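What follows is a single structure, written as structure tokens, with notes after it.
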Amino acid sequence: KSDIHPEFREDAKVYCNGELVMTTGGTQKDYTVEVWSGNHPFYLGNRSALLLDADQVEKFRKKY
Amino acid sequence: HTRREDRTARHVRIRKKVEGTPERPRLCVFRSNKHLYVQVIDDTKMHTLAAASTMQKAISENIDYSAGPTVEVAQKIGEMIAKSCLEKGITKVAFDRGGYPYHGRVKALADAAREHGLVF
Amino acid sequence: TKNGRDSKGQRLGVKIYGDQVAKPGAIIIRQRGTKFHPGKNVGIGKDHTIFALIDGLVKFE
Amino acid sequence: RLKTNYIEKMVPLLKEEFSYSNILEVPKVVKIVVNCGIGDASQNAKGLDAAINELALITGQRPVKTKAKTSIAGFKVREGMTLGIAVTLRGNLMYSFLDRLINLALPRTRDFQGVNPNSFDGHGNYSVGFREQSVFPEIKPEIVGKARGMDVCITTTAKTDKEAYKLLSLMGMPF
Amino acid sequence: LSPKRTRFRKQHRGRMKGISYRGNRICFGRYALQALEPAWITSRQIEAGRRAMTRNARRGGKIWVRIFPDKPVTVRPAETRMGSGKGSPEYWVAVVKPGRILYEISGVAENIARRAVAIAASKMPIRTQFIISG
Amino acid sequence: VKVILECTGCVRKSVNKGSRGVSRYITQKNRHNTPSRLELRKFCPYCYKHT
RNA sequence: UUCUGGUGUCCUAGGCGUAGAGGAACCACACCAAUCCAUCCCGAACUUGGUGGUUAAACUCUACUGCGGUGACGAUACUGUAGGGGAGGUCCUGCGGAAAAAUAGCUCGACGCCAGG
RNA sequence: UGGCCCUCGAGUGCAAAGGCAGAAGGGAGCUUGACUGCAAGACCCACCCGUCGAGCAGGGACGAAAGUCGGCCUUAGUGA
């Protein structure tokens with residue numbers, strides 16, 4: 001229908017802070033995007049947190 | 001739920017209101033994706049009077065590569081169903097839509113049936 | 001001290017039975033709702049009563 | 001553009017993974033549907049306008065304020081009241097917003113659970129639901145101080161034990 | 001004893017008929033008390049016969065009360081007789097026709113069930129007998 | 001309240017074939033004024049029968 | 001002259017389910033776009049115009065009594081008349097009619113019109 | 001809000017009964033037949049009453065037409 005629907009643009013520029021640009025179709029023309037799923041720390045964030053931070057004995061030996 | 005049961009349910013919905021009489025037969029259509037069908041039938045004796053189809057006009061003007069039902073072959077088969085029952089004694093007829101809503105090629109099919117002076 | 005005696009007196013029913021000669025306009029069935037649906041050569045009424053349109057017998061199927 | 005990535009690579013390995021015999025028996029995603037569960041939108045008139053403008057910029061098209069199916073006592077619900085504002089988008093918008101669930105919901109969730117093998121498991125026709133990301137990053141987020149409801153139901157054609165989970169697994173939904 | 005919910009408060013009477021061909025058989029239990037005589041049996045005689053044969057078994061076995069009243073009897077007061085105003089919370093009544101099993105019992109030997117079923121048949125306005133599970 | 005009230009046409013006291021005022025019984029008007037198109041007046045086509 | 005598929009009508013109503021088959025033709029889904037048209041949003045539905053592949057879904061045909069529907073005979077309750085018993089509740093006879101439920105079975109419909117090949 | 005199952009158990013301004021599943025139940029468009037003059041024949045029938053009605057003319061409403069509409073699914077809501 002006309003006159004009610006928002007402008008669904010085909011040229012939507014997805015800009016990453018790591019100098020990567022991909023094309024998607026959406027509302028805005030430009031999208032400044034953070035941690036988006038390709039090269040996201042979901043393989044290393046669960047490696048750094050809940051998997052390696054727990055220590056009580058090797059913390060004790062570093063002060064003696 | 002499905003599309004075919006929706007068409008058949010719409011056609012049974014139409015069939016309650018319109019009935020074939022021995023004075024006025026009823027002509028029903030079937031717009032299959034390859035062919036149209038049109039049936040001048042008489043319900044009180046349970047037999048057809050004047051049937052035509054895309055397999056009747058398709059001797060001269062048809063393209064099977066295209067989508068078979070077009071508005072132009074609806075104009076042509078309304079033309080031949082308008083001049084096929086006129087030579088039989090069928091002037092005053094009771095048209096129903098065949099379970100399909102009226103805004104389509106059944107516009108020019110019904111008006112094409114009106115073109116040869118049928119009392120619609 | 002009773003809360004009763006509230007009769008109604010209203011009557012209905014089958015007026016013309018099967019295999020009987022009807023008249024044009026003869027009320028065949030007076031009914032509440034539709035126990036008897038209108039077939040052919042009959043008509044349904046304003047309060048769902050069934051009258052005959054033409055002469056002849058009446059049937060049930 | 002992920003429908004072209006949907007055509008040639010992730011359909012035939014579902015064709016040979018289940019060991020079919022014909023092409024069209026392989027299932028596909030049919031439609032997704034978003035609703036905004038709101039109990040107070042006749043009073044909050046600018047929250048319903050926030051659903052129209054803001055939620056119409058969340059999804060592809062304008063959403064529909066939903067009239068009440070019934071009236072339950074206790075709540076402020078009458079026959080025909082706005083109980084949530086929903087939208088049903090379909091087509092290439094469907095691929096574009098499951099795409100926006102790959103891009104805007106999978107890496108930007110504070111939780112790291114993703115698709116769940118212990119949720120949306122058993123259905124007659126398999127449906128996947130999420131309660132996440134009340135505002136997309138296209139909308140300036142700090143205006144709406146209310147965590148409004150938002151559910152995105154994906155639909156499929158399959159009636160099996162494997163195929164929808166592998167369908168979201170082949171798309172951008174790790175866990 | 002008494003039904004909890006009543007679909008209708010007061011319900012008029014109904015006359016006895018021939019041999020009940022349905023409730024004549026024995027479903028549970030080995031022994032039974034078949035009635036030869038069509039009348040009413042209130043819940044009061046059912047409490048009397050139930051206490052009679054439960055305390056006449058008194059060591060083992062279980063009885064089976066078959067019938068439930070399901071209809072009231074409205075007794076008008078002594079208020080010079082014209083109306084059926086209120087008699088519904090008064091005594092309930094079970095219709096029994098001939099053939100019908102009233103009581104059953106199991107886990108009991110021969111003559112202990114003969115005295116158990118036969119003594120508890122004296123708490124009852126209609127002549128009966130005891131029947132073995134044939 | 002359910003006030004009974006009459007609809008009326010346009011009067012036209014004339015010497016035509018029985019030309020005279022036509023009022024019709026109607027009900028329910030506890031609202032804005034509703035002129036309905038009751039017709040077959042003394043002049044045979046008619047519309048906007050007022051009050 | 002069978003199949004195919006629009007159409008009905010009588011119907012014991014013919015359905016669920018398990019199995020096998022059909023894409024020459026026909027019917028049906030699927031992909032592309034939207035000009036009339038359209039969905040309180042979505043070409044999901046409806047419409048128009050085409051690529052035109054499959055039987056996957058849906059239709060059609062053939063089997064099964066596992067459910068479902070239907071359903072006996074004989075009996076028996078009841079009942080019309082003519083009577084009899086009981087204190088009552090109520091029962092029994094002569095003749096006539098005759099159940100219901102259950103069971104043995106029956107049923108995966110039957111007849112016509114018109115257009116192909 | 002999405003999907004399967006049972007398929008009429010929901011609903012119909014209100015009491016119950018009889019009805020009604022591609023509906024008489026819910027929605028949307030246009031609407032004013034909630035007209036005029038009537039009316040063959042029936043039911044109910046102490047009388048008074050009361051109920052249904054094919055069909056005709058005028059002038060229309062909807063629909064593309066076929067047709068339908070003389071208030072409401074019906075029975076109560078009244079007074080010579």
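Residue numbering restarts at 1 in every chain; chains get A, B, ... in the order shown in the structure tokens, and ligands count up from 1 in that same order.
Residue-level DSSP output for range 5-171 of chain D, from the backbone, shows strand (DSSP E or B) at residues 32, 33, 34, 35, 36, 64, 65, 85, 86, 87, 88, 89, 128, 131, 151, 152, 153 and 154 of chain D.
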Serialized selection, N, CA and C atoms, as a CSV table (one decimal), in the first residue's frame:
```csv
chain,number,residue,atom,x,y,z
D,32,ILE,N,7.8,-15.1,10.0
D,32,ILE,CA,8.0,-14.7,11.3
D,32,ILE,C,7.0,-13.6,11.7
D,33,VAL,N,6.7,-13.5,13.0
D,33,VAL,CA,5.7,-12.6,13.5
D,33,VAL,C,6.1,-12.0,14.9
D,34,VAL,N,6.1,-10.7,15.0
D,34,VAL,CA,6.5,-10.0,16.1
D,34,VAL,C,5.3,-9.5,16.9
D,35,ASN,N,5.3,-9.6,18.2
D,35,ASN,CA,4.3,-8.8,18.9
D,35,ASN,C,4.9,-8.1,20.1
D,36,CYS,N,4.3,-7.0,20.5
D,36,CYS,CA,4.7,-6.1,21.6
D,36,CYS,C,3.6,-6.2,22.6
D,64,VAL,N,0.4,-3.5,14.0
D,64,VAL,CA,-1.1,-3.4,14.2
D,64,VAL,C,-1.4,-3.5,15.7
D,65,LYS,N,-2.1,-2.5,16.2
D,65,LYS,CA,-2.7,-2.7,17.5
D,65,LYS,C,-3.8,-3.7,17.5
D,85,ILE,N,0.8,-4.8,20.4
D,85,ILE,CA,0.9,-4.3,19.1
D,85,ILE,C,1.8,-5.2,18.3
D,86,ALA,N,1.2,-5.9,17.3
D,86,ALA,CA,1.9,-6.9,16.5
D,86,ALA,C,2.0,-6.6,15.1
D,87,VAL,N,2.9,-7.3,14.4
D,87,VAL,CA,3.2,-7.2,13.0
D,87,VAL,C,3.6,-8.5,12.5
D,88,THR,N,3.2,-8.8,11.2
D,88,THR,CA,3.6,-10.1,10.6
D,88,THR,C,4.3,-9.8,9.3
D,89,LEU,N,5.6,-9.8,9.3
D,89,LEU,CA,6.4,-9.5,8.1
D,89,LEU,C,6.9,-10.9,7.4
D,128,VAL,N,10.0,-21.1,16.8
D,128,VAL,CA,11.1,-20.6,17.6
D,128,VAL,C,10.8,-19.2,18.1
D,131,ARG,N,12.6,-13.6,23.5
D,131,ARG,CA,12.2,-12.4,24.3
D,131,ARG,C,13.5,-11.6,24.5
D,151,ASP,N,8.3,-10.3,21.0
D,151,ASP,CA,8.5,-11.7,20.6
D,151,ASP,C,8.5,-11.9,19.1
D,152,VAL,N,9.5,-12.6,18.6
D,152,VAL,CA,9.7,-12.9,17.2
D,152,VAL,C,9.5,-14.4,17.1
D,153,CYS,N,8.3,-14.8,16.5
D,153,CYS,CA,8.1,-16.2,16.3
D,153,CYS,C,8.4,-16.6,14.9
D,154,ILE,N,9.4,-17.5,14.7
D,154,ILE,CA,9.7,-18.1,13.4
D,154,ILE,C,8.8,-19.3,13.1
```
- request: Considering only C-alpha atoms (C1' of nucleotides), return as a PyMOL selection string whatever protein or nucleic-acid residues lie within 8 Å of residue 33 in chain A, sequence-local ones (same chain, fewer than 6 positions apart) excluded.
  value: chain A and resi 14-17
Would you write out, as JSON lines, a table of all residues in chain B that have an atom no more than 7 Å from an atom of chain G, listing for each the closest atom pair and the distance in Å to one decimal, considering only C-alpha atoms (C1' of nucleotides) and ordering rows by chain and rising residue number?
```
{"residue": "B:30", "atom": "CA", "partner": "G:6", "partner_atom": "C1'", "distance": 7.0}
{"residue": "B:46", "atom": "CA", "partner": "G:8", "partner_atom": "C1'", "distance": 6.2}
{"residue": "B:47", "atom": "CA", "partner": "G:113", "partner_atom": "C1'", "distance": 4.0}
{"residue": "B:48", "atom": "CA", "partner": "G:113", "partner_atom": "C1'", "distance": 5.3}
{"residue": "B:51", "atom": "CA", "partner": "G:114", "partner_atom": "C1'", "distance": 6.3}
{"residue": "B:52", "atom": "CA", "partner": "G:115", "partner_atom": "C1'", "distance": 6.9}
{"residue": "B:53", "atom": "CA", "partner": "G:115", "partner_atom": "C1'", "distance": 7.0}
{"residue": "B:66", "atom": "CA", "partner": "G:50", "partner_atom": "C1'", "distance": 6.0}
{"residue": "B:67", "atom": "CA", "partner": "G:50", "partner_atom": "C1'", "distance": 6.5}
{"residue": "B:103", "atom": "CA", "partner": "G:37", "partner_atom": "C1'", "distance": 6.9}
{"residue": "B:104", "atom": "CA", "partner": "G:47", "partner_atom": "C1'", "distance": 5.9}
```
message: When you look at residue 48 in chain C with a cut-off of 8 Å (counting only C-alpha atoms (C1' of nucleotides)), what residues show up, excluding the ones that are within fewer than 3 positions of it in the same chain? I need them as an MDAnalysis selection string.
response: (chainID C and resid 30:34 44:45) or (chainID H and resid 74)
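Close contacts of residue 12 in chain F, defined as residues with an atom at most 8 Å away when counting only C-alpha atoms (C1' of nucleotides), with chain neighbours fewer than 6 positions off set aside, comprise residues 19, 20 and 21 of chain F.
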- line: For residue 40 in chain F, the closest of F:10, F:28, F:3, F:22 counting only C-alpha atoms is F:22
All residues 12 Å or closer to residue 72 in chain B, only C-alpha atoms (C1' of nucleotides), same chain fewer than 2 positions away omitted, as a PyMOL selection string: (chain B and resi 36+54+57-58+61-63+67-70+74-79+104-109+112) or (chain G and resi 48-49)
- request: Tell me which protein, DNA and RNA residues are within 9 Å of residue 42 in chain A, counting only C-alpha atoms (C1' of nucleotides), leaving out same-chain ones fewer than 5 positions away, and put them as JSON, numbers by chain.
  value: {"A": [37, 47], "D": [107, 112, 175]}
Write out the residues from the selection above, keeping N, CA and C atoms, as a PDB file, in the first residue's frame.
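selection02.pdb written:
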```pdb
ATOM      1  N   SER A  37      28.471 -10.147  14.385  1.00  0.00           N
ATOM      2  CA  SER A  37      28.683 -11.550  14.754  1.00  0.00           C
ATOM      3  C   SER A  37      29.925 -12.167  14.118  1.00  0.00           C
ATOM      4  N   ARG A  47      36.131 -17.958  26.744  1.00  0.00           N
ATOM      5  CA  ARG A  47      37.446 -18.470  27.114  1.00  0.00           C
ATOM      6  C   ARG A  47      38.062 -17.635  28.229  1.00  0.00           C
TER       7      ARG A  47
ATOM      8  N   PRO D 107      25.262 -11.257  18.468  1.00  0.00           N
ATOM      9  CA  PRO D 107      26.447 -10.750  19.171  1.00  0.00           C
ATOM     10  C   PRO D 107      26.174  -9.650  20.184  1.00  0.00           C
ATOM     11  N   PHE D 112      24.835 -15.172  26.793  1.00  0.00           N
ATOM     12  CA  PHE D 112      25.391 -15.971  25.701  1.00  0.00           C
ATOM     13  C   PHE D 112      24.761 -17.356  25.794  1.00  0.00           C
ATOM     14  N   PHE D 175      25.647 -21.144  19.501  1.00  0.00           N
ATOM     15  CA  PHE D 175      25.220 -21.139  20.894  1.00  0.00           C
ATOM     16  C   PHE D 175      26.373 -21.560  21.801  1.00  0.00           C
TER      17      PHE D 175
END
```
field: Close residues, residue 167 in chain D itself excluded, 9 Å, only C-alpha atoms (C1' of nucleotides), min 6 positions apart in chain, as a PyMOL selection string
entry: chain D and resi 10+14+27-29
Mind writing the picked residues with N, CA and C atoms as a PDB file, in the first residue's frame?
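Generated file (out_0.pdb):
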```pdb
ATOM      1  N   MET D  10      22.658 -24.695   1.723  1.00  0.00           N
ATOM      2  CA  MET D  10      22.068 -25.241   2.939  1.00  0.00           C
ATOM      3  C   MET D  10      20.747 -25.961   2.701  1.00  0.00           C
ATOM      4  N   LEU D  14      20.472 -30.469   3.633  1.00  0.00           N
ATOM      5  CA  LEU D  14      19.261 -30.961   4.279  1.00  0.00           C
ATOM      6  C   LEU D  14      18.567 -31.999   3.407  1.00  0.00           C
ATOM      7  N   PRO D  27      12.032 -28.676   3.941  1.00  0.00           N
ATOM      8  CA  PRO D  27      11.256 -27.575   4.516  1.00  0.00           C
ATOM      9  C   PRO D  27      11.973 -26.238   4.375  1.00  0.00           C
ATOM     10  N   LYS D  28      11.216 -25.176   4.640  1.00  0.00           N
ATOM     11  CA  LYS D  28      11.733 -23.821   4.556  1.00  0.00           C
ATOM     12  C   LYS D  28      11.022 -22.954   5.582  1.00  0.00           C
ATOM     13  N   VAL D  29      11.660 -21.837   5.933  1.00  0.00           N
ATOM     14  CA  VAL D  29      11.052 -20.882   6.850  1.00  0.00           C
ATOM     15  C   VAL D  29       9.897 -20.174   6.147  1.00  0.00           C
TER      16      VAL D  29
END
```
How close does each residue of chain B get to chain H, giving the shortest atom pair and distance in Å to one decimal for every residue with an atom at most 8 Å away, counting only C-alpha atoms (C1' of nucleotides), sorted by chain and residue number, as JSON lines?
```
{"residue": "B:9", "atom": "CA", "partner": "H:22", "partner_atom": "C1'", "distance": 5.8}
{"residue": "B:10", "atom": "CA", "partner": "H:22", "partner_atom": "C1'", "distance": 7.2}
{"residue": "B:13", "atom": "CA", "partner": "H:22", "partner_atom": "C1'", "distance": 7.0}
{"residue": "B:17", "atom": "CA", "partner": "H:67", "partner_atom": "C1'", "distance": 7.8}
{"residue": "B:18", "atom": "CA", "partner": "H:66", "partner_atom": "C1'", "distance": 6.1}
{"residue": "B:94", "atom": "CA", "partner": "H:66", "partner_atom": "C1'", "distance": 5.5}
{"residue": "B:95", "atom": "CA", "partner": "H:66", "partner_atom": "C1'", "distance": 6.8}
{"residue": "B:96", "atom": "CA", "partner": "H:66", "partner_atom": "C1'", "distance": 7.6}
{"residue": "B:102", "atom": "CA", "partner": "H:64", "partner_atom": "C1'", "distance": 8.0}
{"residue": "B:107", "atom": "CA", "partner": "H:64", "partner_atom": "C1'", "distance": 7.9}
{"residue": "B:120", "atom": "CA", "partner": "H:65", "partner_atom": "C1'", "distance": 6.1}
```
task: Would you give me, as a PyMOL selection string, the residues of chain E that come within 12 Å of chain G, using only C-alpha atoms (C1' of nucleotides)?
output: chain E and resi 14-22+37-40+95-98+125-126
At a cut-off of 7 Å, can you tabulate as a tab-separated table every residue of chain H near chain F together with its closest atom pair and the distance in Å to one decimal, using only C-alpha atoms (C1' of nucleotides) and ordering rows by chain then number?
```
residue	atom	partner	partner_atom	distance
H:32	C1'	F:37	CA	6.0
H:35	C1'	F:39	CA	6.4
H:36	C1'	F:40	CA	5.8
H:59	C1'	F:40	CA	5.8
```
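Residues from chain E found within 10 Å of chain C are residues 83, 84, 85 and 86 of chain E, counting only C-alpha atoms.
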